[PDB]
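Input: a single structure, listed below in structure tokens.
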Amino acid sequence: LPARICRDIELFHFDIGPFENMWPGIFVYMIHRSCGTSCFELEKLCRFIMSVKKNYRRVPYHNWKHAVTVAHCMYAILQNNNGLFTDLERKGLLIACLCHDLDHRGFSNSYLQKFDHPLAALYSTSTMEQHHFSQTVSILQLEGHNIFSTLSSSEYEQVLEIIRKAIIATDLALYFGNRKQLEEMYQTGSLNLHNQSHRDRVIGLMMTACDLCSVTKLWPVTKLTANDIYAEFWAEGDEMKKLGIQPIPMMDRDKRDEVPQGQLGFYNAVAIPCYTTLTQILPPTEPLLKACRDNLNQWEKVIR
Ligand SMILES: COc1cc2ncnc(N3CC[C@@H](Oc4ccc5ccccc5c4)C3)c2cc1OC
Ligand SMILES: [Mg+2]
Ligand SMILES: [Zn+2]
């Protein structure tokens, strides 16, 4: 509601600030603007939001702030591509973004597999992401939390499927193949948004874009966010060392001087191709790409 947030929330590079109690109203505002004050019952939605918050953990990066920030990036993409996605897709994607890291411990799928965690026996591929979706469903199934209760049974199954595919697509290992397919479709002119399977890929890429969006903020935000990202990675690295396994250098706090080189690698192999491809499909997302490039230049600056 405050006037500065009113204006600035429309910017792709908005940062949601340090006042946690404001983040729910920020999410409600985004969801009402992206699909009527009259869709979700307000008391039901508020109850849902607080239970989601509660099942996020106090880890350095994959926390409740990240969830809302990823939702905000989705809001921004959707607001600047009016008319492409249906009411149902927009509601589903925003809720998917809010829920997409539920009950995250700060550890990757690879660590969970190497640790032999029970979640890895339950869900062999995209382990944390299948968990995040299971948590979403369990929250929806609590008395008073079914924010989709006015939908038909068919539309409910539809939106849950939208949410499921969107959360799964946040498994970055899936992004490389997805992005390759989308680039082949762009270049041959075969991409068709009326084709559900194509549409699903586009939405997947949007989920990657939102999930990575720390690299599309202004430099001071991007830089400070990277401290939280590496704080989790280095903790996992420590855990890897404790299982008897040399971690990759990105996770090795002893190789912390190579952070800039590591960022260069990531921007070159992941972030820039991600936002390049997104911009080709959805040209109004260009500010994400531009901000990404500016941050690549800042990292190159750090190296000199
Ligand atoms: C802004 O900085 C970020 C932001 C991130 N957000 C989400 N997930 C990340 N990691 C998950 C597993 C890792 O997967 C890679 C795939 C391809 C690579 C190519 C080159 C370098 C690193 C790479 C990491 C990357 C990640 C890493 C980052 O910097 C190193
Ligand atoms: Mg995740
Ligand atoms: Zn995430």
Side-chain angles (χ1 to χ4, degrees), residues 48 52 55-57 59 61-64 66-75 77-78 84-86 88-113 117-141 147-148 155-183 185 191 193 195-214 232 270-271 273-275 277-278 281-282:
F48 174 84
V52 171
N55 289 273
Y56 275 85
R57 287 171 187 251
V59 296
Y61 180 60
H62 291 97
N63 58 37
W64 175 230
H66 166 73
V68 175
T69 294
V70 176
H72 165 270
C73 191
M74 175 61 69
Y75 169 83
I77 289 166
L78 295 176
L84 277 174
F85 301 92
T86 67
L88 195 56
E89 287 172 326
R90 298 198 311 277
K91 286 176 205 161
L93 290 182
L94 291 170
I95 293 284
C97 283
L98 201 80
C99 299
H100 82 276
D101 272 327
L102 263 165
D103 191 45
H104 204 293
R105 289 117 174 128
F107 296 116
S108 74
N109 291 328
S110 184
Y111 177 69
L112 259 62
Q113 181 185 33
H117 195 259
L119 290 168
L122 190 59
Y123 313 119
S124 44
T125 68
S126 305
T127 300
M128 284 305 306
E129 295 77 18
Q130 301 206 57
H131 185 57
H132 300 322
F133 183 64
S134 174
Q135 292 275 110
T136 298
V137 164
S138 300
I139 290 174
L140 283 172
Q141 270 169 2
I147 57 167
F148 294 125
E155 286 176 305
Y156 180 93
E157 304 162 32
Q158 189 183 359
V159 80
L160 263 46
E161 196 51 19
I162 284 166
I163 286 166
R164 189 189 60 72
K165 287 156 172 179
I167 296 178
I168 294 310
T170 63
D171 178 10
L172 197 64
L174 299 167
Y175 151 80
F176 303 87
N178 187 44
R179 203 243 23 156
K180 187 195 150 112
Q181 294 295 312
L182 288 172
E183 178 65 25
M185 288 174 195
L191 179 65
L193 299 177
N195 179 322
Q196 192 61 48
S197 94
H198 290 199
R199 205 168 175 84
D200 291 346
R201 297 198 171 282
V202 173
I203 288 164
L205 183 75
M206 291 159 63
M207 296 297 294
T208 304
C210 292
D211 201 24
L212 299 187
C213 77
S214 91
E232 283 189 7
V270 186
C274 170
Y275 298 106
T277 292
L278 186 71
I281 298 160
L282 305 180

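Just so you know, residue 1 is the first one in the sequence shown, and it goes up from there. As a basis for the values below, the full set of heavy atoms in this structure was taken, side chains included, without hydrogen atoms, waters or symmetry mates.
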Those residues that, when tested against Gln130, pass side-chain contact (heavy atoms from CB on, under 4.5 Å) (two or more places apart)
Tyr123, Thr125, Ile168
Working to the nearest 0.5 Å, report the span between CG of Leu282 and OG1 of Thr277.
11.0 Å
Which heavy-atom pair separates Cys210 from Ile77 by the least distance, and what is that distance?
SG-CD1, 3.6 Å
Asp211 and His66: side-chain donor and acceptor closer than 3.5 Å?
yes
Sidechain-backbone polar pair: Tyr175 side chain, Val270 backbone, donor-acceptor under 3.5 Å:
yes
Of the options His62, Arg57, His132, which is the one that meets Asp103 in a side chain to side chain donor-acceptor pair (under 3.5 Å)?
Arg57
For the side chain of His100 and the backbone of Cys97, is there at least one donor-acceptor N/O pair under 3.5 Å apart?
yes
Would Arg164 and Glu161 pass as an ion pair if we require N to O under 4.0 Å?
yes
Kindly give the heavy-atom pair with the smallest separation between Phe48 and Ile147, and that separation in Å.
CB-CG2, 3.5 Å
Enumerate the residue pairs fulfilling salt bridge (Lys or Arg N to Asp or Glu O under 4.0 Å) with a member in residues 117-131, sequence neighbours excluded, ordered by first and then second residue.
none
Interatomic spacing from CG in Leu84 to CZ in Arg90 - rounded to 0.5 Å:
10.0 Å
Give the intermediate values and the outcome of side-chain contact (heavy atoms from CB on, under 4.5 Å) for residues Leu212 and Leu172.
CA-CA 9 Å; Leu212 299 187; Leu172 197 64; 4.3 Å; yes
When every non-hydrogen atom of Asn178 is compared with those of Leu205, the smallest separation belongs to ND2-N, 3.6 Å
Applying side-chain hydrogen bond (donor to acceptor under 3.5 Å, both in side chains), can you list everything that pairs with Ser108, at least two apart in sequence or on another chain?
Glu236
Rounded at 0.5 Å granularity, tell me how far CD in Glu183 sits from CD1 in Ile281.
8.5 Å
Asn109 and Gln113: side-chain donor and acceptor closer than 3.5 Å?
no
